[PDB]
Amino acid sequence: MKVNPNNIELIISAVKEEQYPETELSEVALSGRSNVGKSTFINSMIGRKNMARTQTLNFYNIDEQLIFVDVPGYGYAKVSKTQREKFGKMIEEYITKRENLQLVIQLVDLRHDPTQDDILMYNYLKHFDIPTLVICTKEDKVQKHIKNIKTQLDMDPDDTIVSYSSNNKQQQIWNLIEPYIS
């Protein structure tokens, strides 16, 4: 679609719905285990580097056409019940309130099985009928590895699953997003 690099900026890093941006723009949230795998994906998708930072939901304005919301990675344990609950509430606040949210991209590593965290996250999203595009990353390094994830996820048939290298697959992904964007 009409997506230009350098018409991209971090609007705000937020915590509460109080600190979120008010806009008319559709929001695609990005979720997965790792902050680093997700940052690389955003940068690969926009054709920049050191745009995506790394805590916070980071709201990136994508050329006044959509917002990409980087959701803190769920893969790293905390110990503090306060820290745990603070994270859990941040996600739930976003997913259940945010009227702007139209689609979640979940990043899973194509090399391995999905973690229990990946499975529970996908099932959290299905409980609220959030449309979900599962992207299987680090594709270089397929066919059986994708089905392994789809089955372990137990995917809704309305949801798509696709493979990716963080070039080639960026326009396919923009075409899957586009119906969810206004």
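Heads up: residue numbers just count along the shown sequence, starting at 1.
J.: Select one of none, 1 to 3, 4 to 9, or 10 or more to describe the deposited residues without coordinates separating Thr54 and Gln55.
T.: According to the record, 4 to 9 deposited residues lack coordinates from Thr54 to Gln55.
J.: On mean Cα temperature factor in this entry, is 73-81 or 100-108 the higher one?
T.: 73-81 has the higher mean C-alpha B-factor.
J.: Please work out which of 26-34 and 111-119 has the higher mean CA B-factor as recorded in the PDB entry.
T.: Higher mean C-alpha B-factor: 111-119.
J.: Please place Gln170 in the lowest, middle or highest third of its chain according to the CA B-factor in the PDB entry.
T.: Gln170: CA B-factor falls in the middle third of its chain.
J.: Check where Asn61 lands among this chain's C-alpha B-factors and tell me if it's the lowest, middle or highest third.
T.: It falls in the bottom third of the chain.
J.: Where does the C-alpha B-factor of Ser44 rank in its chain, lowest, middle or highest third?
T.: Middle third.
J.: Quick check for you: using the entry's CA B-factors within this chain, is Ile8 in the lowest, middle or highest third?
T.: Middle third.
J.: Looking at the C-alpha B-factor of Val142, is it in the lowest, middle or highest third of its chain?
T.: Tercile = highest for this residue's CA B-factor.
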